[PDB]
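Enquirer: Before I ask anything, here is the structure I am working with.
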Ligand SMILES: NC(=O)c1ccc[n+]([C@@H]2O[C@H](COP(=O)([O-])OP(=O)(O)OC[C@H]3O[C@@H](n4cnc5c(N)ncnc54)[C@H](O)[C@@H]3O)[C@@H](O)[C@H]2O)c1
Ligand SMILES: NC(=O)c1ccc[n+]([C@@H]2O[C@H](COP(=O)([O-])OP(=O)(O)OC[C@H]3O[C@@H](n4cnc5c(N)ncnc54)[C@H](O)[C@@H]3O)[C@@H](O)[C@H]2O)c1
Ligand SMILES: NC(=O)c1ccc[n+]([C@@H]2O[C@H](COP(=O)([O-])OP(=O)(O)OC[C@H]3O[C@@H](n4cnc5c(N)ncnc54)[C@H](O)[C@@H]3O)[C@@H](O)[C@H]2O)c1
Ligand SMILES: NC(=O)c1ccc[n+]([C@@H]2O[C@H](COP(=O)([O-])OP(=O)(O)OC[C@H]3O[C@@H](n4cnc5c(N)ncnc54)[C@H](O)[C@@H]3O)[C@@H](O)[C@H]2O)c1
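Protein chains in written order, with this note's numbering: chain A, 22 to 357; chain B, 22 to 357; chain C, 22 to 357; chain D, 22 to 357.
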């Protein structure tokens, strides 16, 4: 009678993942943990959003501070610093979305089992937890795996696209660039960012080069592409929605129309919901709220010849990924 | 005798105060402390600036992990979290600029004296250290005082303006609004800010109201105006430069031209260098690099009648204030 | 018996007025005129919107040049340059919304009568056309008047609020400042703006002072406030939603709480739908899509004393105003 | 022997080309024509600049209705819309910089000859006028040619880089993406752009795909690369400075250091002043004011293998190109 989940962290991803859950027919958000945000503040951060509008699918109210009330449905609020000490079981949380960004290691993420959780989905890349991307390798998941990663929003955009191109034409080698919206790790004015100097510069007033592991990660969820793709990123002054610029040399000659038709078929086929196809004069804000992992922009791309082409795919880095987090949990729950 | 100074907190103000000092002929930066910026990283943060251009007055290089080197002149660097552990004396710093934003209390600021500093200038309002605004009340400083506040950039903008208006026409009551550039305390995307919820919302994508005691503070540096002013602020999507919007009722009736003439005369005389006067169609970016504390915009303001008007004054919140920090030190150094 | 209307000029206001109309059970959009945008292009500009989202209420298709289909309801498309040649009567448009901005003079707006339109509502201030603001003086409208002005968005925000404060406490004098979103008359980079030099400077990279007659205009819809209000504006880098900052001196002493309760009551009574009331820590994006003309922000304002206060009220300059254009038409149609 | 030049079109390029000329020792600006800017307004537009700061090299005063006076140097101001009518010879303008963007056709730019100018340099690509890029093919120019094109800023950034990579390793094929700053042709809010629908969308609130022939154009100035390059662009929310992202398959295997070394050598030799070389963590604003045509960012790019790599080169789309316009002129004067 519904998949019970808990969310650790309540940032951009934790909050939007909660929105998706609270509005679904099959998943139940039973608890959220966040040591830094009072119960009162939590309701405010959840209700109002600069990018995705006011939550209006249900009204919000405080039952008693250890408790939230979303349209008569309860949601426990924990304020526990040690994951190892979150009583997920007391709330009935089967799955836990680890979305804080500091427990991405399998052994650190594993802490949630201590409190009675049975499954943990890391909402970010992981060095040792298996990564799964819907539409790409989610079928590789098996019930004995308790800690998994849903990879990154960028890998979720690149992988489906690369799979379609590789399966149809054979990818020899490819280089990728993402023109990315700013994020929470960036700064409003030039500030300290010791692990990424460029990343400390005023975010909304600069084009900021940045490294990316999304292309390399593709090789993990699609071994056949390991070592054949790499890339980088440019952080630009936008609040949300990013775009993937994939330049690849393919083995089988294909006209631009053939490539377009392949992506189109896939988007109408088994990858519906994951890959989208568009042929209109759209821009970034037209994709805010789009739940797909990768929306191919047919008119934006360009081919030099039948074996070397540049492909463009949009992605609401916040909302698409958030839906995939729930999508991954759904697949896991259906796997005996 | 060259005034020797140290800086605690190498941020927007710390770094710019460094630029003013390094370009002067009377002040010598001898050391800098910031546990979040290694020596190497410091050369990069000081050299490149999103708003104030590249440093091109002298070369910037590292002598060793503990000393910089600005065109041959040595500047020692520390990485200490607790002020009372900073050996200011060893470096010969007589004056210490407290610009971290977390040690504004007098007793927290006085930690610097333990290490051998003789004077501390807090680059922000202080709860108990006396506040001074150059051109308004710096002459109240007495040498028995070791810890002082240079107030806020906003008070530095409004106070000189109010002084001229009060001395010439007599202020009965006033209400101020500052349309303010974003700062380091804000967030790139909707994030937590437990003590200022609005302040946590995506900075460059919202007009964000905020309270400020900067107007009320004018009453502290000009007691005659106690209880006569207050106001608020709107943080808007710009990287630097803000503006004061003062709606005031005056006792002696005066035409707008009479008010303009009073300010122009003040800018050319007693308050030259503090209050500036312009009569052109300028906009925020035109004031980047302006060293004055308050630049009156003749054409922007409007009078309802001879005793009720709206006055407009610009200020490069980063640069003007940074210069006033040095000016305050110059004045204290000349005292006695 | 729907109210049939036509729209001249398919811009920010024209398109959004069309959205309000198309969503109503009230009025029927029967025709649109714009010689600067093809019929096919028109469907694109109407469908996608950077700030108000994609139109998904009904399907959008082209029937045959000159004819759009929003679901199963036809909308005639004109491409006439001269207003006196638009055969509004052919499409059956009784009311014409003059939203081009270049035909605000009463004589120039009268051209629509030539084509058979019965009434014209200028979606802008007019030098001589009778001005009406809903919730303020729309009851002054008489059926013998065929050309009216719906004022500006700023006056629709300021006037209702002012009426509430004046009737309860008596406004002696006030000065208004509006922190305003950028608009179509502004420029992306420094360019030519002959009648407004500041307004030619890069829009999203500057705080830009501007003159406004919105405060003075209040005197036309509220005689007792004529000559008692004036102000100016600051255009800031946001795409939509602006805020009014009203500093007023009142006759009757009143605590800030009394002022608040007065506005809340009004927002709950006759002025419901025109004046809004909020007391949460909201920011501009939180008001995107708000249909009210003026949303009083309880927590943002501040009082110096019981007779001198600063009040702040938000307004989606695009959406609220567009709804008011339809509300005025609704009132005119219900008038003897 | 001062090279006397005139400028048609006092926009971003015209005004900055003006600044270069006026700060030079070998070029003399003797006349400017722009019927959309009065002599008085012209002084304001030239003096203040959102991106490049206030003009300070010289005073700027008005010597009657036509002549401006810059540091005692008189400059005649014309206000004529039809090129065929500008009396260049009267001012002594030998070379005319055609920077209006509406006379790029050889035949149309030729109009300046009837007025007495002897040479015309089009500050934009031309469909038929011969194009030249300094450091790449300006030596192909011959005195019998009176109308030339300085191509586009993007081609000026990509061409030098392509030349180096091609001369050193051999370019088999390449695909380019430019992350470009907004420009004068874009819109502040969703407005009409019939020839480029995406380009009509709010410029500073969207990532906007854009077509470009800049890469294909490298084939015109570098015949060996004809048909070997193409690409596209993404317009993003910055005021100035853009970047080229070149993905290339090369013939001679070369490690990234060998490539970095080749470019660095070029930047210190034959292409000094044209190609720059950086090895620091820079961001867009760090390049404002850089006069090079293409500045290679060693750390931003990445290599997949010794024959497939992604190269990054910055360019101040306004300043770099403006300097090149003058350089093309200097070359033409020296090869007369
Ligand atoms: N578009 C995106 O933002 C995006 C896309 C894909 C993946 N992600 C992933 O999600 C993470 C980023 O979230 P951010 O926007 O993107 O969201 P935020 O919006 O950065 O998340 C903020 C929340 O994390 C909470 N938090 C911090 N420490 C905590 C702790 N110890 N326990 C509980 N809660 C804690 C904070 O209080 C805050 O409410 C990243 O690690 C990234 O891998 C983000
Ligand atoms: N325009 C302005 O930003 C402006 C104007 C007037 C006054 N101020 C005042 O300046 C502050 C100055 O902040 P910035 O200077 O604006 O913000 P920053 O730019 O956020 O200050 C940055 C630096 O303080 C350093 N720091 C933090 N903790 C420290 C510690 N324990 N020891 C040493 N260094 C430490 C940080 O590492 C960082 O480098 C505030 O308190 C404010 O009221 C700022
Ligand atoms: N926030 C706001 O933008 C706002 C608020 C209140 C009132 N208004 C009013 O609406 C008008 C401004 O609209 P703008 O954004 O604000 O919208 P735009 O978005 O400026 O309107 C643009 C359209 O007007 C069309 N147009 C021009 N000349 C025409 C003609 N002769 N015939 C038919 N169509 C023509 C153009 O082609 C274009 O499509 C102003 O006059 C103002 O009074 C605007
Ligand atoms: N960064 C850049 O913007 C950049 C870089 C390289 C090349 N370019 C190129 O040059 C234009 C550069 O134009 P800009 O951005 O400098 O222009 P702006 O900045 O749009 O140019 C503006 C001026 O041209 C003037 N003008 C228009 N019509 C005229 C006429 N008939 N006679 C005289 N003056 C007239 C206008 O008044 C306006 O002041 C383009 O054609 C483009 O290809 C631009």
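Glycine residues also receive a C-beta, built at the ideal position from the N, C-alpha and C atoms.
Thinking C-alpha only, which one of 94(D), 174(D), 340(D) is nearest residue 112(D)?
Expert: If we check each option's Cα against that of residue 112(D), 94(D) comes out closest.
Enquirer: Which residues does DSSP pair with residue 230(B) in a beta bridge?
Expert: Its beta-bridge partners are 255(B).
Enquirer: In this structure, what does DSSP give as the bridge partners for residue 27(A)?
Expert: Partner(s): 52(A), 117(A).
Enquirer: Check the DSSP bridge columns for residue 201(B) and list the partner residues they point to.
Expert: Answer by DSSP bridge pairing, in chain order: 256(B).
Enquirer: Which residues in the same chain as residue 114(D) place their Cβ atom closer than 7 angstroms to its Cβ, once the five residues preceding and following it in sequence are excluded?
Expert: Answer for residue 114(D): 25, 26, 27, 51, 52, 138, listed in chain order.
Enquirer: For the stretch 28 to 40 of chain C, which residues have a beta carbon sitting closer than 9 angstroms to at least one beta carbon of chain D?
Expert: Under the 9 angstroms Cβ criterion, the stretch 28 to 40 of chain C contributes 31, 32, 33, 36.
Enquirer: Looking at chain F, which residues of the stretch 168 to 201 of chain C have a Cβ within less than 9 angstroms of any of its Cβ atoms?
Expert: Protein chains A, B, C and D are contained in the structure displayed, whereas chain F is not.
Enquirer: For residue 109(B), decide whether its Cβ has a neighbour in chain C, counting only Cβ atoms nearer than 8 angstroms.
Expert: For residue 109(B), the answer is no, since every Cβ of chain C falls outside 8 angstroms of its Cβ.
Enquirer: Residue 322(B) to residue 336(C), Cα distance in whole Å?
Expert: Their Cα atoms are separated by approximately 23 angstroms.
Enquirer: Below 7 angstroms, is the gap between the Cβ of residue 145(C) and the nearest heavy atom of ligand 3?
Expert: Residue 145(C): yes, Cβ under 7 angstroms from ligand 3.
Enquirer: For chain D, check one thing: does any of its Cβ atoms lie closer than 8 angstroms to the Cβ of residue 246(B)?
Expert: By this cut-off, residue 246(B) is not an interface position.
Enquirer: Please list the segments of the beta strand (DSSP E) lying wholly inside the stretch 69 to 126 of chain A, counting only runs of 3 or more residues, in order along the chain.
Expert: Whole beta strand (DSSP E) segments, 3+ residues: 81 to 83, 88 to 91, 94 to 99, 116 to 119.
Enquirer: Threshold first: 3 residues or longer. Then list the beta strand (DSSP E) segments lying entirely within the stretch 117 to 180 of chain D, N to C.
Expert: Here the runs fully enclosed are 140 to 143, 168 to 170.
Enquirer: Would a check of beta-carbon distances place residue 258(B) closer than 8 angstroms to chain C?
Expert: Yes, because at least one Cβ of chain C sits closer than 8 angstroms to the Cβ of residue 258(B).
Enquirer: Quick one: does the C-beta of residue 97(C) sit closer than 7 angstroms to a heavy atom of ligand 3?
Expert: Because no heavy atom of ligand 3 lies under 7 angstroms away, the Cβ of residue 97(C) does not count as near it: no.
Enquirer: Locate the alpha helix (DSSP H) running through residue 343(A), then write down its first and last residues.
Expert: From DSSP, the alpha helix (DSSP H) with residue 343(A) extends over 340 to 355.
Enquirer: Verify the CB distance criterion: does residue 308(B) have a CB-CB separation below 8 angstroms to chain A?
Expert: Cβ-Cβ to chain A under 8 angstroms: no for residue 308(B).
Enquirer: Looking at ligand 3, does it come within less than 7 angstroms of residue 56(C), judged from the CB to the closest heavy atom?
Expert: Indeed, a heavy atom of ligand 3 lies less than 7 angstroms from the Cβ.
Enquirer: Could you give the first and the last residue of the continuous beta strand (DSSP E) run that contains residue 282(A)?
Expert: It is not in any beta strand (DSSP E) - residue 282(A) instead sits in the alpha helix (DSSP H) that spans 277 to 289.
Enquirer: By a C-beta neighbour count over all protein chains shown, 10 Å radius and 16 as the cutoff for buried, is residue 57(A) buried or exposed?
Expert: Flag for residue 57(A) reads exposed.
Enquirer: Less than 7 angstroms between the CB of residue 103(A) and some heavy atom of ligand 4, yes or no?
Expert: No, the beta carbon of residue 103(A) sits no closer than 7 angstroms to any heavy atom of ligand 4.
Enquirer: Evaluate contact between the stretch 339 to 348 of chain A and the stretch 38 to 49 of chain A, counting only Cβ atoms and requiring at least three cross-stretch pairs below 8 angstroms.
Expert: Judged by Cβ distances under 8 angstroms, the stretch 339 to 348 of chain A makes contact with the stretch 38 to 49 of chain A, as three or more pairs qualify.
Enquirer: Suppose contacts are defined by Cβ-Cβ distances below 8 angstroms. Is residue 152(B) in contact with residue 179(B) by that definition?
Expert: Not a contact, by the Cβ cut-off of 8 angstroms.
Enquirer: State the Cα-Cα distance for the pair residue 221(D) and residue 256(D), rounded to the nearest angstrom.
Expert: Approximately 12 angstroms, taken between the alpha carbons.
Enquirer: Within the chosen definition, does the stretch 208 to 217 of chain B reach the stretch 199 to 209 of chain A through at least 3 CB pairs nearer than 8 angstroms?
Expert: The stretch 208 to 217 of chain B is in contact with the stretch 199 to 209 of chain A.
Enquirer: Pick helix, strand or coil for residue 268(A), following the three-state DSSP scheme.
Expert: Strand, per DSSP.
Enquirer: Skipping 5 residues on each side, what residues in its chain have a beta carbon closer than 6 angstroms to that of residue 100(B)?
Expert: Closer than 6 angstroms at the Cβ level, and outside the excluded window around residue 100(B), lie 56.
Enquirer: Does the beta carbon of residue 302(C) sit closer than 8 angstroms to a beta carbon anywhere in chain A?
Expert: Chain A, which has a Cβ nearer than 8 angstroms to the Cβ of residue 302(C), makes this yes.
Enquirer: Taking a contact to mean a Cβ-Cβ separation below 8 angstroms, would you say residue 72(A) touches residue 261(A) in this structure?
Expert: Against a cut-off of 8 angstroms, the Cβ pair of residue 261(A) and residue 72(A) comes out as a contact.
Enquirer: Tell me which same chain residues have a C-beta within less than 7 angstroms of the C-beta of residue 192(A), skipping the five on either side of it?
Expert: Cβ within range, chain order: 183, 186, 246, 249, 269, 271.
Enquirer: Any contact of the stretch 282 to 301 of chain A with the stretch 311 to 318 of chain A, i.e. 3+ C-beta pairs under 8 angstroms?
Expert: Short answer: they touch.
Enquirer: Put residue 192(D) into one of helix, strand or coil per three-state DSSP.
Expert: Of the three classes helix, strand and coil, the one that applies to residue 192(D) here is strand, per DSSP.
Enquirer: Within the present structure, is the beta-carbon of residue 312(B) separated from the nearest heavy atom of ligand 2 by less than 7 angstroms?
Expert: No, Cβ of residue 312(B) sits at least 7 angstroms from all heavy atoms of ligand 2.
Enquirer: Name the chain C residues that come within less than 9 angstroms of residue 215(D), Cβ to Cβ?
Expert: Within 9 angstroms Cβ-Cβ: 57, 58, 59, 62.
Enquirer: Considering only the beta carbon of each residue, do residue 252(B) and residue 236(B) sit closer than 8 angstroms?
Expert: Contact: yes.
Enquirer: Check whether the Cβ of residue 225(C) lies closer than 8 angstroms to any Cβ atom in chain D.
Expert: Chain D, which has a Cβ nearer than 8 angstroms to the Cβ of residue 225(C), makes this yes.
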